[PDB]
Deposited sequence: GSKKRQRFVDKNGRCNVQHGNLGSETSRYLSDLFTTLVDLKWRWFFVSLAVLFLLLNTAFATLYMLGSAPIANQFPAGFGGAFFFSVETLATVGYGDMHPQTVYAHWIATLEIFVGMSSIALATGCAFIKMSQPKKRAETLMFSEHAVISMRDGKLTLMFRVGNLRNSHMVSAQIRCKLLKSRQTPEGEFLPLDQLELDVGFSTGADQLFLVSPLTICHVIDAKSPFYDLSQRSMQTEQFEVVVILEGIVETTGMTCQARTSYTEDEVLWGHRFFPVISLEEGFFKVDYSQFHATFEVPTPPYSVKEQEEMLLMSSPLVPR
């Protein structure tokens, strides 16, 4: 179908490199709460099954063991691991006392670790899918007298984020005049770093602008050349979740075929009574407007 992009529209990078709970850690945290707990419950049962078997290795280790056999050892383990200590059943032998001592340490430890995970889980920002949105396409048309590359960004579910900032990079394979091969060269796309305009007040959707001039990597991009050019505009938006103070990031990408020459976005903001309304049905919509086909370079130099 289409060429292989380096970053998916959802922000996922299609890279592959070559030849302490670090990996499974994020997994646990990533899990939805219901599966997070169902997950802890499983470990709980396993640890209890394990210590229960250890107690059974000794003879009459537990006073008033009920029910007799493995079952009682299991429930005693439960009250021990969680430090409940009803005590009707309790260690009756030195061997049982050592097993209980070890289980008590392991139980506190496990509670400590599980508690840490819960906190981090709680501090995590909601998935991008439900917080930040980018327009499917970007466009290029004249704005305030200059050919401009634009795309839209909006913050749905109020994720109470502050310190919102946006950065844009152009990914393109190229060869330098000296003959250096640069497969995924990254060029800066100025979207406000020199005016402070890249520090966003993102409440309602915004149309991000990259002015195409002599310093822009798109200085010589024309309607025609777009048809044979190969590039990828990568967008990075970062913010901090106020409630937690956690820094989050949302990313998207626009390949050459997802940039529409001679288009303009429809507005999404409208003034009502008591408030301004955001019509999300127009979020991705654009329409054609009179735009010259020439690159800024062809125009400054013709």
(Q) So, counting the deposited sequence from position 1, which segments are absent from the coordinates? (A) 1 to 2, 22 to 28, 312 to 321
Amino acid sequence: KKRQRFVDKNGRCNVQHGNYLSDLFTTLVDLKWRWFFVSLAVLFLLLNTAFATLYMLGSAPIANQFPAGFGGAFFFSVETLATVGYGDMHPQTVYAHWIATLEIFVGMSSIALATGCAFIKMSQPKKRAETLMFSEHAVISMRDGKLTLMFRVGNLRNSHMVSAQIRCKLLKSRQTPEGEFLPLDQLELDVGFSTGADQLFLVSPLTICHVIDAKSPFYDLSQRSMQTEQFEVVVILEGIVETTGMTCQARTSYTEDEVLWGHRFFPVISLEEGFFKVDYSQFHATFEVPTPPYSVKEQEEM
From here on, numbers count along this sequence of modelled residues.
Q.
When the Cα temperature factors in the entry are averaged, is it 52 to 60 or 258 to 266 that ends up higher?
A. 52 to 60
Q: Select between 237 to 245 and 22 to 30 the stretch whose C-alpha atoms have the higher average B-factor in the entry.
A: 22 to 30
Q | Candidate residues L189, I208, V162, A138, the one whose C-alpha B factor the record puts highest | A | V162
Q) Looking at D220, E130, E232, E79, which has the highest CA B-factor as recorded? A) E130
Q) Among the chain's modelled residues, which third holds the C-alpha B-factor of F119? A) highest
**Q.** Ranked C-alpha temperature factor of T148 among modelled chain residues, by third
**A.** lowest
**Q.** Cα B factor band for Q65 (lowest, middle or highest third within the chain)
**A.** middle
Q: Relative to the other modelled residues of the same chain, rank the CA B-factor of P91 and answer lowest, middle or highest third.
A: middle
Q: Please place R224 in the lowest, middle or highest third of its chain by C-alpha B factor as given in the entry.
A: middle
